[PDB]
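For reference, the structure discussed in these notes is given below.
Positions are given from 1, in the same order as the sequence printed here. Start at 1 and go down the list; that is how both ligands and their atoms are numbered.
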Amino acid sequence: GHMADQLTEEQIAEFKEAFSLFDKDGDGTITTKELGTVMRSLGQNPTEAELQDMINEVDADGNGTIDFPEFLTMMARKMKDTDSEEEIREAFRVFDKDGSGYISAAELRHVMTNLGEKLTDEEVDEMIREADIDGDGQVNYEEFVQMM
Ligand SMILES: [Ca+2]
Ligand SMILES: [Ca+2]
Ligand SMILES: [Ca+2]
Ligand SMILES: [Ca+2]
């Protein structure tokens with residue numbers, strides 16, 4: 001069988017109830033009105049245009065609303081995304097061996113060396129310099145997030 005079918009109908013019904021947090025009239029799609037409702041419940045207040053722009057960047061079939069599949073797709077990407085931030089933070093820590101919040105040439109020297117590379121001091125210092133944005137001689141976490 002398939003793991004997806006390893007639930008009960010009452011359980012799928014219950015899973016579907018959770019969608020109603022956003023899909024308040026229960027019809028199976030989120031409208032701009034419903035999403036505006038949710039936003040305003042969080043203290044925000046966007047326009048019809050802004051609400052239609054949020055919806056559009058998740059609206060896979062083009063019909064102007066968010067069904068439960070699109071929502072779950074959107075959520076899964078979000079969940080994988082926050083994990084990718086956890087691990088860029090993890091990676092910053094590995095480079096920043098002294099936990100000072102800033103990566104030195106020395107610290108980048110070290111990691112590069114332990115990763116195989118055989119670059120010069122200049123080439124490594126050419127990295128810190130190319131990566132710096134506040135000219136402080138070190139690489140804070142944000143200049144590090146610029147590792148695209
Ligand atoms: Ca609805
Ligand atoms: Ca849709
Ligand atoms: Ca450091
Ligand atoms: Ca810096």
Check against side chain to side chain donor-acceptor pair (under 3.5 Å), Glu34 and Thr37: CA-CA 5 Å; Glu34 290 165 331; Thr37 282; over 6 Å; no
Just do the ring-ring contact (aromatic ring centres under 6.0 Å, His included) check on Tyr102 and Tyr141 with the steps written out, would you? CA-CA 7 Å; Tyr102 299 113; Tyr141 165 88; over 10 Å; no
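The closest approach of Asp132 to the Ca ion (ligand 4), by N/O/S atoms, is made by OD1. Note on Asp134: its N/O/S atom closest to the Ca ion (ligand 4) is OD1. Checked against the Ca ion (ligand 4), the N, O or S atom of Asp136 at the shortest distance is OD1. Note on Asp25: its N/O/S atom closest to the Ca ion (ligand 1) is OD1. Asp96 contributes atom OD1 as its closest N/O/S atom to the Ca ion (ligand 3). If you look at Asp98 and ask which of its N, O or S atoms sits nearest the Ca ion (ligand 3), the answer is OD1. Take the N/O/S atoms of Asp27: the one nearest the Ca ion (ligand 1) is OD1. When you scan the N, O or S atoms of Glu34 for the one nearest the Ca ion (ligand 1), you land on OE2.
The Ca ion (ligand 3) is the vertex of the angle joining OE2 of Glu107 and OG of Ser100, which measures 140° to the nearest 10°. One finds an angle of 80° at the Ca ion (ligand 1) between O on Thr29 and OD1 on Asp23, to the nearest 10 degrees.
The Ca ion (ligand 4) has an N, O or S atom of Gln138 under 3.0 Å away, backbone or side chain. Contact annotation: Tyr102 places an N, O or S atom under 3.0 Å from the Ca ion (ligand 3). The Ca ion (ligand 1) has no N, O or S atom of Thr65 under 3.0 Å away, backbone or side chain.
Listed for the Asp96 side chain is a donor-acceptor partner under 3.5 Å among the backbone atoms of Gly101.
Considering every non-hydrogen atom in both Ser104 and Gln138, the closest pair reads CB-NE2, 3.2 Å.
A heavy-atom distance below 4.5 Å is found between the side chains of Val38 and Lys24. With a 4.5 Å cut-off on side-chain heavy atoms, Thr65 and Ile30 do not count as touching.
Between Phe144 and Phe92, the ring-plane angle classifies as perpendicular under the 30° and 60° cut-offs.
No donor-acceptor contact under 3.5 angstrom links the side chains of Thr73 and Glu70, judged on distance only. Donor-acceptor pairing under 3.5 Å is recorded for the side chains of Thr32 and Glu48.
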